[PDB]
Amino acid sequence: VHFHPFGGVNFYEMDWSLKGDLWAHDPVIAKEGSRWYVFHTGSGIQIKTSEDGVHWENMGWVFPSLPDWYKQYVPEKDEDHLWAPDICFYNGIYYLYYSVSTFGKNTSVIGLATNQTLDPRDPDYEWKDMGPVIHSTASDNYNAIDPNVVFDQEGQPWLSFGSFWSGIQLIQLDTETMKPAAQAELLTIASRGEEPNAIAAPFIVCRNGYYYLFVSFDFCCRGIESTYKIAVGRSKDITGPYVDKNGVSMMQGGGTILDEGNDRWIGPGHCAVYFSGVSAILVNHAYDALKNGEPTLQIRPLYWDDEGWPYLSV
């Protein structure tokens, strides 16, 4: 994946029993040179770095504070937390999308920050505030949070996002601005078909002509009472229709469960999928039943069966 490069590494031959600073919620990963980076929900977007991918250490944050334009979309937040960042590399620039919102509301906005590099040791390092990308108001039937960018095979960039309300959205982005055209159409591509509509954190990857939409089912943010589950569906075309192993549409509650968690790692959710050669990994957070339900970073190798469906190794 050109926008999610990982050099010459085989994820299947790596040790993924993490150590270090592992507190994380809604993580994504990137690798530049010999450094690994994890971005996740928190004050101005939290950052962690690693030399091997096993030992992680906190590495500050993207923004010192919240850009002033946030107030145009979200009531004064005594909170300085930015949610669910997404990272991709395009034309020598790193694009970091993130969310600004208030828990339980859809008065939200997805912003964009760019940088020439992820390494603060490099003089070119500077996270630039490139403003809002797309937003939602209380009157809209979608929620503008949980962004994820994916370039289809044709090299066309797309932004998927959404949490509750009508569900998962999809919209084309322009290659020049990496923001949707003013007239781009917003497409709904997945929904539990229930009320509330507990589906969020979309992440799309293309593998052998198929587009896989990974999403999070049910509830986050409740410690040991979280019920998050990772589900997946696929489509021949990026616009859909995405369907699960049973042929059921993801617009009607369809979705093949990849991980529902257990009594030790509660509600695994908000995943990210990355490739390297034939290997792949699944990244997400899960609540630690042994540590007061604290959100913990998880990275596991992700395999694929002969029928083309993903599955985490035992």
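Numbering starts at 1 and runs along the sequence shown.
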property	result
Entry-level comparison of average CA B-factors, 207 to 215 and 158 to 166, reporting the higher stretch	207 to 215
Residue range whose averaged C-alpha B-factor is higher in the record, 69 to 77 or 135 to 143	69 to 77
Residue, from 41, 284, 58, 252, that the PDB entry assigns the highest Cα B-factor	58
Of the residues 92, 202, 85, 111, the one carrying the largest Cα B-factor as recorded	92
Residue 299 - Cα temperature factor, lowest/middle/highest third of chain	lowest
Where the record places residue 236 (Cα B-factor, split into thirds across the chain)	highest
Residue 188 by Cα B-factor - lowest, middle or highest third of the modelled chain	middle
Record-listed C-alpha B factor of residue 277: chain third	highest
Residue 260 CA temperature factor, ranked by third within the chain	highest
